[PDB]
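For reference, the chain that follows is the form deposited in one PDB entry, supplied as structure tokens.
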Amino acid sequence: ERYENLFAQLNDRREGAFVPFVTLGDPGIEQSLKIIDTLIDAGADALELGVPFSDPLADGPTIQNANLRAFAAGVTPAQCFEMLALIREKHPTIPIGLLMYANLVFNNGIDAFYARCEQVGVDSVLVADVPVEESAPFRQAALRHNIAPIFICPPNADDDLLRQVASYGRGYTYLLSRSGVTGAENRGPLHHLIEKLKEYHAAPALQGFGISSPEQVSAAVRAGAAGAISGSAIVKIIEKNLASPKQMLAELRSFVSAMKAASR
């Protein structure tokens, strides 16, 4: 119940959660591990980790290249779970969620994929290409292995979707700021959806997509969300400093400090 505790703790502090996203193994395994520790050290409340896929159809150019860089480095799903185990061995309480594509979890059995998550210490899993309509087996497998199935609540959702997401989801509800794909390039009135989700006893909502400025996370918290997820803004810093790993870390630090402070 890693998310349960983080949110309860954050509430006692009347605080919002800042959750950055990165691709495991970008730009290299060793540098990626280093990035994640910097992310945690600078203040990230939880983590959203993506394992390299050949067809990230819900991702914009920034993360598309994160996958390309990770691939260019020879990172595999096996290598990722190895990475996840070390991260958990290092950081005991920080919630860990995986951004996954369907084939990677269906490949060697759905059940077997979630058992691995439990073994490694993963907390949640969001399968970008599985709608609620198609989530039955993923949900079931997740719950069975004490993994929280993360559901995306889009901005256009009707009452039926909302009631579904609230009932099935766990850990946190992924509130979609926008339509389209993952991108800091474009920004994104979630008041009604957040009240409705709170009304249906849904998991605390985390707003994701386009969140790239300190003001954006404070706005997320003010509306009633428990926090904000930011990815392309982080990945863009890795992209920016490929020739200077040390500079990468220091810049990653300043950004997530600015971002976490804005949720307090």
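The term rigid core refers to the most C-alpha atoms you can superpose between the two forms while keeping them within 1.5 Å. Residues that one form lacks are left out of the comparison. Residue indices: 1-based, along the sequence shown.
Just so it is clear, the following notes concern the form deposited in another entry, a form of the same protein that is not shown.
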Exercise. Identify which of 58, 223, 33, 40 has its C-alpha displaced by 2 Å or more between this form and the one not shown once the rigid core is superposed.
Key: 58
Quiz item: Hey, the CA atoms of residue 211 and residue 54 end up closer or farther in the other entry than in the shown form, with the change being 3 Å or more?
Solution: closer
Practice problem: Indicate closer or farther: the Cα atoms of residue 211 and residue 55, in the other entry, relative to the displayed form, with a change of 3 Å or more. | Solution: closer
Quiz item: What stretches, three or more residues long, have all their C-alphas moved by 2 Å or more between this form and the one not shown when the rigid core is held in place?
Solution: 54-59, 105-107
